[PDB]
């Protein structure tokens, strides 16, 4: 389907990201489907939470507040949802289609304070470029 092509691109994006940035230990795309965030492409270890309940995790923070979450110390954050026993920094970037958030790029790192404003910038731009592709999995 178109979905498969989109998935194809989303996987490739995850790959390119994981490769060019070694601090990225996990790179995944979550999409809003029926009010829940479901994983639809990723590169790294298999996640404990392939589907996320809205509210749980920094994954939910980013789309509910429609803004970047760049947590440099996940342990000191009550809304952190551990998908990996080793990550210390998590960055979540909303992917927007026609203004409205439809999903997100989720990236975990074992390094503390992994993500700089440059990461934030690039990821936001990538989120925008990837938006139509992400949208193929969107459901309200």
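Numbering follows the first chain given and starts at 1.
When the two stretches 47 to 55 and 99 to 107 are set side by side, the higher mean Cα temperature factor goes to 47 to 55. Per-chain ranking of the deposited C-alpha B factor places residue 65 in the lowest third. When the modelled residues of the chain are ordered by C-alpha B-factor, residue 19 sits in the highest third.
Among all modelled residues in this chain, the alpha-carbon of residue 30 has a temperature factor (C-alpha) in the lowest third. Annotation for residue 94: C-alpha temperature factor in the lowest third relative to the rest of the modelled chain, per the entry. The entry lists a Cα temperature factor for residue 114 that places it in the middle third of the chain's modelled residues.
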